[PDB]
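Novice: Generate a structure from the sequence data that follows.
(one chain, ligands or ions: 6)
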Amino acid sequence: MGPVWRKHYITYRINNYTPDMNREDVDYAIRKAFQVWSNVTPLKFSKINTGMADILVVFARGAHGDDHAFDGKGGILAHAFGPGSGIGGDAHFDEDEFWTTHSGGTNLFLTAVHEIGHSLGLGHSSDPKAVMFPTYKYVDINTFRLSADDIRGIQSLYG
Ligand SMILES: C[C@H](NC(=O)[C@H](C)NC(=O)[C@H](Cc1cc(-c2ccc(-c3cccc(Cl)c3)cc2)no1)CP(=O)(O)c1ccc(Br)cc1)C(N)=O
Ligand SMILES: [Ca+2]
Ligand SMILES: [Ca+2]
Ligand SMILES: [Ca+2]
Ligand SMILES: [Zn+2]
Ligand SMILES: [Zn+2]
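Specialist: Numbers count the residues shown, from 1 in each chain. Ligands and ions are numbered 1, 2, ... in the order given. Please see the structure below:
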C-alpha cells in the first residue's frame with residue numbers, strides 16, 4: 001500500500017486560475033471532480049479560500065519548482081503528488097494546455113478527476129474505461145461515471 005491520507009476530512013485550495021476559463025467554471029470543475037471521489041468513499045472535501053490546505057491546485061507551465069517540468073502544449077497535461085505533507089497531495093495543471101468546460105482543448109473536470117485520484121494515492125489502471133487509465137480521452141461529461149476498477153481501487157485505500 002502506497003501513502004494514504006490519515007483522515008477522511010481533506011482540505012483543498014486553488015492557488016491560481018487558468019485564464020483559459022471563467023473563474024467560476026474552474027471552481028465548479030474542481031468541486032465536481034472532488035465530488036466524484038467523495039461519492040464512493042467516506043472522504044469529505046472542504047474548500048479553503050485562504051490558509052493551509054492538504055491539496056493545493058496549481059496551474060503552471062514548464063519548470064515550476066518541483067523537478068518535474070511540464071512540456072508545452074500536448075504530451076503531459078497535469079501531474080499530482082501522492083498523499084503526504086507539504087507538496088504531497090498537490091495537483092498541477094499545465095498552463096500550456098487550453099483548459100475547457102467541454103470537449104474542446106483539454107477538459108479540466110476529467111483531468112482533475114484523474115489527478116485527484118493520484119492526490120488520494122491511486123496509481124494507474126489498464127482498464128480503458130477507468131478514469132485512472134494513463135491517457136486522457138474526452139468522455140461525455142453528463143454520462144461520465146467511475147469504472148468498477150476505479151471504485152475497487154479507491155475503496156481499497158479508504159473505507
Ligand atoms: C494528450 C494526451 N496526453 C495524455 O493523456 C498524457 C500522456 N497523460 C497525462 O497527461 C497524465 C494526466 C491525465 C490523465 C487524464 C485522464 C486519463 C483518463 C481519462 C479517462 C479515460 C477513459 C475513460 C474515462 Cl471515463 C476517463 C480521463 C483523463 N487526465 O490527466 C499524466 P499523469 O498524472 O498520469 C503523470 C505525470 C507525470 C508522471 Br512522472 C507520472 C504520471 C494523450 N496523449 O492522450
Ligand atoms: Ca503539456
Ligand atoms: Ca499538499
Ligand atoms: Ca492555457
Ligand atoms: Zn508540478
Ligand atoms: Zn496519471
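Novice: interface residues of the protein facing ligand 3?
Specialist: By Cβ under 5 Å from the ion, the residues of the chain that approach ligand 3 are 88, 89, 90. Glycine gets a C-beta too; all of them are placed from N, C-alpha and C.
Novice: contacting residues around the closest residue to the last one other than its chain neighbours?
Specialist: Read that as residue 90. Closest residue to residue 90 apart from its sequence neighbours, by Cβ to Cβ, 6 or more residues apart in numbering: residue 56 at 4.4 Å. By Cβ atoms under 8 Å, 6 or more residues apart in numbering, the contact set of residue 56 is 12, 13, 15, 87, 89, 90, 91.
Novice: Could you check how far the last one is from residue 77?
Specialist: Just to be clear, that refers to residue 91. Here residue 91 is placed at a distance of 11 Å from residue 77 (Cβ to Cβ, to the nearest Å).
Novice: now the strands for the protein?
Specialist: 9-14, 44-47, 55-60, 78-80, 91-94, 99-100, 106-107 (DSSP state E).
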